[PDB]
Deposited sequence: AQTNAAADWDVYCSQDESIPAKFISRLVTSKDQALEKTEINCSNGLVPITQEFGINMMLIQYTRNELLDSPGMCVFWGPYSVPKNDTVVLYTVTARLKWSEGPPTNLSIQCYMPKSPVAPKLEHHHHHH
């Protein structure tokens, strides 16, 4: 339930990925991105966030999250992997850690 985020990956690095979530109280949500740790607040109901494949710290919009990667995967040269992880800290219970993976066709 808490792990179920709706992940929409792109086919081109120029178009950011979209993630949507819907919502043992949840105290904190932090996305571990290549450009840093990005806090987000999951409000009751629907939440939306963009994740970029590319980084330009000078021109990027405030608070942007950028994927880690690209990574090569074994035995498969047609795609590369982009990923982030997220940590959800709860009032009661151990934190949960989730992995968000997006495969991109290789140019």
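Counting from residue 1 of the deposited sequence, the stretches lacking C-alpha coordinates in this chain are 1 to 4, 28 to 32, 117 to 129.
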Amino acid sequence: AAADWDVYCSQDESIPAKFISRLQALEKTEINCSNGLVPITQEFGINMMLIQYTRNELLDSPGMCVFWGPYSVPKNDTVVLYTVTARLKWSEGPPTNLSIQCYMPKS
From here on, numbers count along this sequence of modelled residues.
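With 90 to 98 and 11 to 19 compared on mean CA B-factor from the PDB entry, the stretch scoring higher is 90 to 98. Set 49 to 57 against 25 to 33 and average the Cα temperature factors; 25 to 33 ends up higher.
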